[PDB]
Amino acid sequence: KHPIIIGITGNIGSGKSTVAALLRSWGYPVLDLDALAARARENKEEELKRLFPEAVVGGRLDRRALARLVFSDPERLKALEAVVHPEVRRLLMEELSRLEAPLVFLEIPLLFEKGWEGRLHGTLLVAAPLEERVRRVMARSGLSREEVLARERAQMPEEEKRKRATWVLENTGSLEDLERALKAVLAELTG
């Protein structure tokens, strides 16, 4: 039958990574759109190598340049997303094509900001205090914190994501966490 597709999202340092690992550990398919975005980029490389010559160094599309370029003027960013998002979904359905579970999860960072809401059957928002999130990230790149605070402001604020998500998961001790995802997952009878 048709599996209910749920989008899992959260902000910088929310730990949604942990949430998905837990759903995989509990045996649910959890596709990573980030990885697809990548494979897609590699797939439609030629198309991109022509849309952004400035990023092609020695026959190779430099992922660095591409992003410094793409994120320099909106027009371009929008032109790149016009090739990747279609391919991203072509592959997302390929993947779904090999599944038979009645419930699938999708790690879509930038879920709301990039208009995925209307593409899912529901959205699981993983939230946490900003302070705990910032610290949690500083333990990854230890990037000034102040730098982080500026990346955090790069996405749709959490309060806003919170106002429009179907379910919301907080954060403290893995035990409570293990419970909440257990409660949300229950509203969708799947085991």
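Position 1 is the first residue in the sequence shown; the rest follow in order.
Check your understanding: Which of the two stretches, 117 to 125 or 95 to 103, shows the higher mean Cα temperature factor in the record?
Key -> Per the PDB entry, the higher value belongs to 95 to 103.
Point to revise | Which of 68 to 76 and 86 to 94 has higher mean CA B factor, as the PDB entry lists it | key: Here the higher of the two C-alpha B-factor means belongs to 68 to 76.
Practice item. Tell me which of 134, 165, 57, 33 tops the list for C-alpha B factor in the record. Key: 57 has the highest C-alpha B-factor of those listed.
Check your understanding: From 146, 159, 45, 152, can you pick the one with the highest C-alpha B factor in the entry?
Key -> When the deposited C-alpha B-factors of 146, 159, 45, 152 are compared, 146 is largest.
Review point. Which third, lowest, middle or highest, does the CA B-factor of residue 22 fall in along this chain?
Key: CA B-factor rank for residue 22: middle third.
Practice item. Among all modelled residues of this chain, ranked by Cα B factor, put residue 53 in the bottom, middle or top third, i.e. lowest, middle or highest. Key: According to the entry, residue 53 has a C-alpha B-factor in the chain's middle third.
Exercise for review: For residue 11, return the chain-relative third of its C-alpha B-factor as stated in the PDB record: lowest, middle or highest.
Suggested key: According to the entry, residue 11 has a C-alpha B-factor in the chain's lowest third.
Point to revise | B-factor third for the C-alpha atom of residue 4 within its chain | key: Lowest third - that is where residue 4 ends up once the chain's C-alpha B-factors are sorted.
Exercise for review: Report the third (lowest, middle or highest) to which the CA temperature factor of residue 139 belongs, ranking only the modelled residues of the same chain.
Suggested key: As the PDB entry reports it, the C-alpha B-factor of residue 139 lands in the highest third of its chain.
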